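Everything on this sheet refers to the single structure shown next.
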Amino acid sequence: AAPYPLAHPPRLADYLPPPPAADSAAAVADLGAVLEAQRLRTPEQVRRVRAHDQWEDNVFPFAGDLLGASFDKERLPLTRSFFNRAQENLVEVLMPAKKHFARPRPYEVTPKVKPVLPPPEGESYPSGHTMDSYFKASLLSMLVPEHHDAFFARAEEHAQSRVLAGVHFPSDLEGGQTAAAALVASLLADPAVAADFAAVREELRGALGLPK
């Protein structure tokens, strides 16, 4: 699916701080938090996080148990399109940011860190999974304000899952959170995108039989 033809997407580096410096107190807490999560994680927590999250219609698994059985991929063509197209806009701004900040992953600072997701090479900051999670919660909360907290608590479950997994530092989650906002604001300022989103609102609220 194709990104929305954004004219001026955000350069995330202008929106985020640098990650902690290797020698900083922040860097020690970051690794602490990742090691503490490794100690505490259970085999069932580890199994659940390794469950394959397919990327195509990922908003459906993200909020299906929150919204009803009415939230059907196959019954919501506009919603399903909008989320796949904006996902690719997410990926277009995220790649440059990762590459730019070039942060070493937890398990590249010490080999004490045994990641349980297949570990990528460097480019730890920001977390694109955290960015995508808060991105969906932000859009879904605009469309269905009635479940705002349920969406944002789900975004936090997904975000932490990456620390528990050992592929991200808490500060990586913090950068993904900030990035999601910049993207949502950039994207929804485009009037053709604002119009597709106004249509998604009618499809989705309609399907869940909600008013206004």
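Just a few scattered comments:
- Residues located in region 73-82, provided they are exposed (fewer than 14 other Cβ atoms within 10 Å of the Cβ) and touching a residue at least 40 places away in the same chain (Cβ under 8 Å): 75, 77
- Residues of region 191-209 satisfying the condition of being small (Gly, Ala, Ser), surrounded by fewer than 16 Cβ atoms within 10 Å (Cβ to Cβ) and closer than 13 Å to residue 144 by Cβ: 206, 209
- Residues in region 83-106 that are crowded, with 17+ Cβ neighbours inside 10 Å and of a type outside the set (A, V, I, L, M, F, W, C): 84, 85, 87, 89, 98, 103, 105, 106.
- Within region 118-141, the set of residues being crowded, with 16+ Cβ neighbours inside 10 Å and part of a loop (DSSP other than H, G, I, E, B) comprises 123, 124, 125, 126, 127.
- Residue 138 under 14 Å from residue 82 (Cα atoms), under 20 Å from the mean Cα position of the chain (by Cα) and among the small types (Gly, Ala, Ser): yes
- Close pairs from region 126-144: first within 26 Å of residue 99 (Cβ to Cβ), partner surrounded by 22 or more Cβ atoms within 10 Å (Cβ to Cβ) and of a type in the set (D, E, K, R), Cβ under 6 Å, at least 6 apart: 126/172; 127/162; 127/172; 129/162
- Any hit, region 176-189, residues being on the phi < 0 side of the Ramachandran plot and surrounded by fewer than 15 Cβ atoms within 10 Å (Cβ to Cβ): yes
- Reported count of residues in region 65-82, each being touching an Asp or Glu at 6+ places or on another chain (Cβ under 9 Å) and either of a type in the set (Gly, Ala, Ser) or more than 16 Å from residue 202 (Cβ to Cβ) (or both), is 2.
- Pairs, first without any contact (Cβ under 8 Å) to a residue 60 or more places away in the chain in region 100-115, second part of a helix (DSSP H, G or I), C-beta under 7 Å, six or more apart: 115/107; 115/165
- Filter result for residue 149 (assigned to a helix (DSSP H, G or I) and under 11 Å from residue 128 (Cβ atoms)): no
- Considering only residues in region 39-64 that are of a type in the set (A, V, I, L, M, F, W, C) and in contact with a helix residue (DSSP H, G or I) (Cβ under 9 Å, 6 or more places away or on another chain), the one that is surrounded by the fewest Cβ atoms within 10 Å (Cβ to Cβ) turns out to be 40.
Read the figures in this text as sums done on the coordinates, not as results from a lab. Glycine also receives a Cβ, built like all others from the backbone with ideal geometry; neighbour counts cover every protein chain displayed.
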